[PDB]
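Quick setup: one chain, the form deposited without the named molecule, written in structure tokens, and binding and motion questions come after.
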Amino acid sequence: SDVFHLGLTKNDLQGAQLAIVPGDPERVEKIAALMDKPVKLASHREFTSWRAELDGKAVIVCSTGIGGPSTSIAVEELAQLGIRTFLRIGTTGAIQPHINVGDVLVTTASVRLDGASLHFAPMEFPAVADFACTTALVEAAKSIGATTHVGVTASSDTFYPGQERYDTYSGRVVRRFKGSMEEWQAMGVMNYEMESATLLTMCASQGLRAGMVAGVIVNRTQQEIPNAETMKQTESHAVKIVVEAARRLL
């Protein structure tokens, strides 16, 4: 209404200045439920929004969708709506053998293998998280007793060739990404996802604070497959971390 995609007015946010941003609209209710007086605001495409209260202050939970283009829309309009702090929650696979399912990852900066970030800063600019957000996430994780890894994430415009997956229709990856996974592994990159390069670059270049946490639900480099219930329990822990991080940032 006040914005062009989310279907939200300013007053709907009730002065909220922090937002928690999952990718999947299915996860918006369950995260808002952790907090006081969860109310459903709107639901348009993959932008589902709920509002809640935390220590007396209004908070927003809004889905971003998949990929940088979708995310940029969500972040841009929420920034217009007055949101100044963004905490990304996700579930992810790991790319390091010593990172286990059920572990938690806090991202300090991202490898920019995407397109939308370049609209906000040149490639030379770092896709870096805010120090306060990162600190809050690291502290909330440790308070919960989570096994935590803090470092670089690779952020890709594709799920398949940019993550060097070969079990595809064509079975081929373009030269740019051939051997790329081994390279990132050697450089200490923790995981692959698809949204953070846009999130972190647009926030760092525009005076906004952002951070990201993710629960490890799978590991491509490990032979053992993840349990059914442990994936659901890792997801709830990650949610717990992000809410408890948000409490310190209000």
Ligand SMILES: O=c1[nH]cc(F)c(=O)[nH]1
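Residues that one form lacks are left out of the comparison. Rigid core (definition): largest C-alpha set, two forms, superposition within 1.5 Å. Residue positions are given as counts along the sequence shown, with the first one as 1.
Only in words, not in the display: the form solved in complex with the named molecule, which the text now covers.
Out of the listed residues 42, 33, 218, 208, 218 is the one that sits within 4.5 Å of the named molecule in the deposited complex by at least one heavy atom. Out of the listed residues 134, 91, 180, 96, 91 is the one that sits within 4.5 Å of the named molecule in the deposited complex by at least one heavy atom. In the deposited complex, the named molecule stays beyond 4.5 Å of every heavy atom belonging to residue 84. Not displayed here, the named molecule is kept clear of residue 204 by more than 4.5 Å at the level of heavy atoms in the deposited complex. For residue 163, a non-hydrogen atom is located within 4.5 Å of the named molecule in the deposited complex, even though that partner is not displayed. The shortest heavy atom separation between residue 192 and the named molecule in the deposited complex is within 4.5 Å. The stretch that touches the named molecule in the deposited complex, counting heavy atoms within 4.5 Å, is 210 to 218, out of 48 to 56, 210 to 218, 34 to 42, 182 to 190. Of the residues 26, 55, 224, 182, just one CA atom moves 2 angstroms or more between the shown form and the other one under rigid-core superposition; it belongs to 224. Shifted segments between the shown form and the other one, defined as at least 3 consecutive common residues whose CA atoms all move 2 Å or more after rigid-core fitting, occur once only, at 222 to 229.
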